[PDB]
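Asks:
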DNA sequence: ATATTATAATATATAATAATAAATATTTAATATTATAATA
DNA sequence: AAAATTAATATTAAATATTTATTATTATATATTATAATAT
DNA sequence: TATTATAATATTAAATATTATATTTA
DNA sequence: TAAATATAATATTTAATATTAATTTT
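Residue numbers (the entry's author numbering), protein chains in the order written: chain C, 1 to 135; chain B, 1 to 135; chain D, 1 to 136, 154 to 201; chain A, 1 to 137, 154 to 201; chain F, 1 to 135, 154 to 201; chain H, 1 to 135, 154 to 201; chain G, 1 to 135.
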């Protein structure tokens, strides 16, 4: 329903974020790696946003790039894992090292990422064995 | 509920599109026939869209014409047809071709669409026979 | 969640509307009485709106006044009344006409509206009689109370004496006499 | 979905509001405490709205600053608290008042607010003292002692933790109850 | 629905019990305290029961006492209490002792129950505080009326009247025995 | 699914009961009049039970007569009527005067039932007049008023008046025999 | 809600059954293995049953053993496993063979069970390696 | 012969308790994960 | 013309248990009303 | 220096039947 | 060329009743 957002930075209150667009501010959830990429408060910055919908509320996810957003979608399409373990994973590592790690089939590097044990690490490996291309 | 959408094409990625309407770029997917009528990235393009509201998702489907959106509404009103079957019908063939073949009670022109079997074709024709006395 | 729009009428068709707000045109359905008051396509129009929120599909329904939207919210809060039933209702009759018909318990005026049967009139009257009363202990008794206070009665005893009998259509002097003759 | 609206107050009808942003008005409800500082109609205001998603309706709940925004979302996060409850709480009194009362644990300040009874008051006290408000935003002798305290005006909690703090072991009742009476001072 | 079972025990796999009532076994669990009162395999047993209906499951809970069922039901009516919590509580401590601790509102005796947080303890104690109640013949009616005229409440008089003296005794002696009590 | 049960009354606490139907006991909530016409605990009886199902609970409400069960059915069929309202109205009064007051369009008869507002009863009139297609004296109040003005407490005076009313005799003589009660 | 059913075989239409217990004959779904352990029609027999409850239907799945019921419970307690899937699982081959296969990570033998792909088989292997925990 | 006022009753403003009806709020069960206290 | 019947046909949506201001109704001193004799 | 039961917390949640149609193997 | 088998994709309310139009008889 929503794919991208282009507005000025209303404030910076991590890990939440408000983007004032046409005077309208949106609550978005942002990775720490993207927090290293954000400009100053009041800077017009483009965020590629994805929405999740549950029965009592919703959360947006403003992202600075596409392929991170589609990998978010592919991960959250799994029933065993939700969005916030994905947030921990993406705050742990970026796209390319995760791609080689799942292609190398290693749970150990996923273990050091906080909030993740071992069994969910081979969950990520098994489920994402044959989903995507190398880009 | 947006009945018509008029913004600038932020990016092009099949089969979706992102229309940056004054800063906000909606995740909008349109059929390929509209993609033949779609200008390049950055052009102000007007779409007669309609939102599909789900318990866990919301989908926008833009249309360059009002009547194709109306036919999309008629198709999704059918008990077994969702958004993507109607998407296949819109992408495969043209609206006047559909109404002529329904008046002709054709089936082969429908089955030849990929993803369409004899069952869905005979369905759409026989539950659509009653309509189109008004035009 | 939404109260009003300042937009541009991108397209009108019975019975919906398209209001191009900053490039975004919303599907807004309006009654025929509102449709008569609307200017042409491309004119900014004043619609005070309410969204009907259902799991599978929403409904944007706007009105030229706050009062129409508020009364529609009252009608949709009712038990067996749906939205387009009430849309037919104010398409048929206006706010003053409906309010006065409710206060007069009228049915014949409103049964000309299509979709309205006898049970429709029953439910609308039974709800709207007590949902709203005003739409946008007597002077002789007080004089009697003061006169009996001057006569030596306590205010409580004077109130009890004047409330003992329901004096009707009688002057202040004679109602005191009939109340005083009443219990004795 | 909504956090802030750089727009103008299109209408002011208590307790609701219409806040116009680029011609788009929204049905917004705010507490009376906000309504005291809200400027005139048409003036560009500062008000942090909050969306609540239901299967049947949606409403917007504005707030002047971040502190009462966070207070509201955390109060609604409780199992027993609805929107109008926190709206009445903020309309009655301010964030500093409620936090300084909760750390003082007096229900009397809470219960004078209309729609707020006793049970809601100990719910607020207990479930806020349950880790949110550090930062600004027996034997025969002991049973005999407890029964004597109940008969002498003591509510059971002060008769309980006094026994717990200084329990009596293998000695007569009169002296550990005596030092417990010195203990509660 | 289900209020009580009078059936025959089929197998014992604690805490899950199967009760073959006329050919059909019933999936019911009992607390370990009730494990200390179950009969052997094949022996009939009468269990006071009450069901729980979930969105995707139906769960059956059966106790030795009706009052235990009522206390369990009132625990389930609490907003933060699930069946696992109530089974942990009653597997820790028995019913009237927990009632008196609710009168005490003490967390020390309930924290020791495994898997139970202190915050859970005070919230359940506060929302379970005592709003509930604490746990005729010619001579009977004559005594009840006499003590009503003497100022005693009818419910207060009846429990002193019907307890100590027998059935159909002399009115004078049974009124005497009813008024033998002191507080 | 279920319409009738024929078992043995294992336990009867108001307003419910336990009917042990072939080894299985059901908690069935029945009205006050039904409880009045039920036999003792342990006596077999057949009951016109109505199936009640919620997404997270299920109940039964049994009757000694079928027409009670169908009338309960169309009462619950109304959106604005819950089970407690129907149970209260049928516990307070009998069904024949209910259908006659529906025909007579009477409200104050229904209002005196506890938990019944004027709007609730008047609505019940509104839908029941279309649902149903085929299917004390002046001296009594005078004595009460005279006793109230004399000095008697209003409710015990009415108790004395209604204990032995003057249905077949004059007001002065029924006052004379009503003053027997409090002596 | 029913863990054991001592009834009489009224009807034999595989893989469904009717156990007329005191005049009441429920639908009883059994695997083909239990069908080999099943006696003839009219023979009283005890089945150890399990309940599945969803919003539109209830079904009975009666087994010859406790351990069969418990294993079926723990397979349906998985996220991506349906009832007919596990039905085909114990219909294909025996329980202790399944335990040996998952302890030996034998995806090949589990593949030869009909209706089971390689992906589903290795899912079963990885989510059942440690769940048995050698009893 | 008028008040007056020194002793005598009195009646209710202010404490309390007991239904009650409009107005809401409406989810826990299972399981990883991570501390964490205690431990060969 | 004039009421009764029936087949489509669009429409509508299901809420209970609790809870707190909001009304009842029950004492309790205390600032009032009162009288009597009494000088002047 | 690992190692394990316990507890608080913080997530995540729950679809499955029915066709259309790829390779594949005769 | 004819299916087999996963494989993936795609899809997924109901009763129940009140109004109304055409018909039918008087």
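Don't be surprised by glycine CBs; every beta carbon is placed ideally from N, CA and C.
Using a Cβ cut-off of 9 angstroms, pull out every chain D residue sitting near residue 119 of chain H, in sequence order please.
Replies: Here the neighbours are 126, 130.
Asks: Residue 3 of chain C to residue 18 of chain B, Cα distance in whole Å?
Replies: If you take the alpha carbons of residue 3 of chain C and residue 18 of chain B, they lie about 6 angstroms apart.
Asks: Secondary structure at residue 54 of chain D, three-state DSSP: helix, strand or coil?
Replies: Three-state DSSP puts residue 54 of chain D in coil, outside helix and strand.
Asks: Mind checking if residue 80 of chain C is an interface residue toward chain G, Cβ cutoff 7 angstroms exclusive?
Replies: Residue 80 of chain C counts as touching chain G.
Asks: List the whole-angstrom C-beta distance separating residue 165 of chain H from residue 124 of chain H, where the pair is believed to meet the contact cut-off of C-beta under 8 angstroms.
Replies: No, residue 165 of chain H and residue 124 of chain H are not in contact; Cβ-Cβ is about 36 angstroms, not under 8 angstroms.
Asks: Please report the Cβ distance between residue 60 of chain C and residue 1 of chain A, rounded to the nearest whole angstrom; I am assuming they are in contact, meaning their Cβ atoms lie under 8 angstroms.
Replies: Going by Cβ atoms, the distance from residue 60 of chain C to residue 1 of chain A rounds to 7 angstroms, so yes, they are a contact pair.
Asks: Which residue marks the beginning of the alpha helix (DSSP H) containing residue 88 of chain B, and which one marks its end?
Replies: First-last of the alpha helix (DSSP H) with residue 88 of chain B: 83-92.
Asks: The region 64-92 of chain C: which residues have C-beta closer than 7 angstroms to a C-beta of chain B, in chain order?
Replies: So the list is empty, because no residue satisfies the distance condition.
Asks: Going by the CB atoms, is the gap between residue 91 of chain G and residue 32 of chain G shorter than 7 angstroms?
Replies: Yes; because the gap between Cβ atoms is below 7 angstroms, this pair is in contact.
Asks: Thinking just about the alpha-carbon of each residue, which of H/185, H/79, H/135, H/13 is nearest to the one in residue 202 of chain H?
Replies: As displayed, chain H neither begins before 1 nor continues past 201, which places residue 202 of chain H out of reach and without an answer.
Asks: Entirely within the region 92-136 of chain D and at least 4 residues each: give me those alpha helix (DSSP H) ranges in chain order.
Replies: Entirely contained in the region 92-136 of chain D, the alpha helix (DSSP H) runs reaching 4 residues are, in chain order, 95-103, 118-131.
Asks: In chain order, what residues of the same chain lie with their CB nearer than 8 angstroms to the CB of residue 121 of chain B, ignoring the 5 residues before and after it?
Replies: Within the same chain, residue 121 of chain B has close Cβ partners 107, 110, 111.
Asks: Kindly indicate if chain A contains any beta-carbon less than 7 angstroms away from that of residue 57 of chain C.
Replies: Closer than 7 angstroms: yes.
Asks: What in chain C is Cβ-close to residue 60 of chain B, meaning under 7 angstroms?
Replies: Residues of chain C passing the Cβ test: 1.
Asks: Using the Cα positions of residue 42 of chain B and residue 73 of chain D, report the straight-line distance between them to the nearest angstrom.
Replies: Going by the C-alpha atoms only, they are around 42 angstroms apart.
Asks: With DSSP as the reference, label residue 36 of chain C as helix, strand or coil.
Replies: Note: residue 36 of chain C maps to coil in three-state DSSP.
Asks: Using 8 angstroms as the threshold, is the region 177-197 of chain F in touch with the region 48-56 of chain H, meaning 3 or more CB pairs across them?
Replies: The region 177-197 of chain F is not in contact with the region 48-56 of chain H.
Asks: Using a Cβ cut-off of 8 angstroms, pull out every chain D residue sitting near residue 123 of chain H, in sequence order please.
Replies: Here the neighbours are 126.
Asks: Looking at the C-beta of residue 43 of chain C, does it have a partner C-beta in chain A at a distance below 7 angstroms?
Replies: Cβ-Cβ to chain A under 7 angstroms: no for residue 43 of chain C.
Asks: State buried or exposed for residue 20 of chain B, treating a residue as buried only when at least 16 other CB atoms are found within 10 Å of its CB.
Replies: Under this definition residue 20 of chain B is a buried residue.
Asks: How about residue 27 of chain H: is its C-beta nearer than 7 angstroms to some C-beta of chain F?
Replies: It does: the Cβ of residue 27 of chain H has a partner Cβ on chain F nearer than 7 angstroms.
Asks: Would you say residue 7 of chain C faces chain A, with C-beta separation under 7 angstroms as the test?
Replies: Answer no: the Cβ-Cβ gap between residue 7 of chain C and chain A never drops below 7 angstroms.
Asks: Near residue 63 of chain G, which residues of its chain fall below 6 angstroms by C-beta distance, leaving aside the five closest residues on each side in sequence?
Replies: Closer than 6 angstroms at Cβ, skipping near neighbours: 48, 69.
Asks: With a CB to CB cut of under 7 angstroms and the five nearest residues on each side skipped, what residues in its chain are close to residue 200 of chain D?
Replies: Closer than 7 angstroms at Cβ, skipping near neighbours: 181.
Asks: If we ignore side chains and look at the alpha-carbon of each, how far apart do residue 75 of chain G and residue 99 of chain G end up?
Replies: Rounded to the nearest angstrom, the two C-alpha atoms are 13 angstroms apart.
Asks: Rounding to the nearest angstrom, what Cα-Cα distance links residue 34 of chain G and residue 12 of chain G in this structure?
Replies: When rounded, the distance between both Cα atoms is 12 angstroms.
Asks: If we define contact as Cβ-Cβ less than 7 angstroms, is residue 30 of chain F a contact residue for chain H?
Replies: It does not: the Cβ of residue 30 of chain F has no partner Cβ on chain H nearer than 7 angstroms.
Asks: Considering just the uninterrupted stretch of the alpha helix (DSSP H) at residue 195 of chain F, what are its terminal residues?
Replies: Looking at the DSSP string, the run of the alpha helix (DSSP H) that includes residue 195 of chain F is 189-196.
Asks: On the DSSP letters alone, give me the boundaries of the beta strand (DSSP E) that residue 44 of chain H sits inside.
Replies: Element bounds for residue 44 of chain H: 44-48.
Asks: Taking 8 angstroms as the limit between beta carbons, can you name the residues of its chain near residue 162 of chain F, skipping five residues before and five after?
Replies: Around residue 162 of chain F: 154, 172, 175, 176, 179.
Asks: At what residues does the alpha helix (DSSP H) containing residue 2 of chain B begin and finish?
Replies: It is not in any alpha helix (DSSP H) - residue 2 of chain B carries neither H nor E in the DSSP assignment.
Asks: Grab the span of the beta strand (DSSP E) containing residue 160 of chain A for me, first residue to last.
Replies: From DSSP, residue 160 of chain A is part of no beta strand (DSSP E) but of the alpha helix (DSSP H) over 156-167.
Asks: Return yes when the Cβ of residue 78 of chain B is within less than 7 angstroms of the Cβ of residue 27 of chain B, no when it is not.
Replies: In this structure, residue 78 of chain B does not lie closer than 7 angstroms to residue 27 of chain B by Cβ.
Asks: Where DSSP assigns a beta bridge to residue 63 of chain G, which residues make up the other side?
Replies: Looking at the DSSP assignment, residue 63 of chain G forms a beta bridge with G/48.
Asks: When the Cα atoms are used, what is the spatial distance from residue 94 of chain A to residue 58 of chain G?
Replies: Using only the alpha carbons, I get a separation of about 53 angstroms.
Asks: Taking the alpha helix (DSSP H) that residue 179 of chain D falls in, what are its first and last residues?
Replies: 172-181 is the span of the alpha helix (DSSP H), which, as asked, contains residue 179 of chain D.
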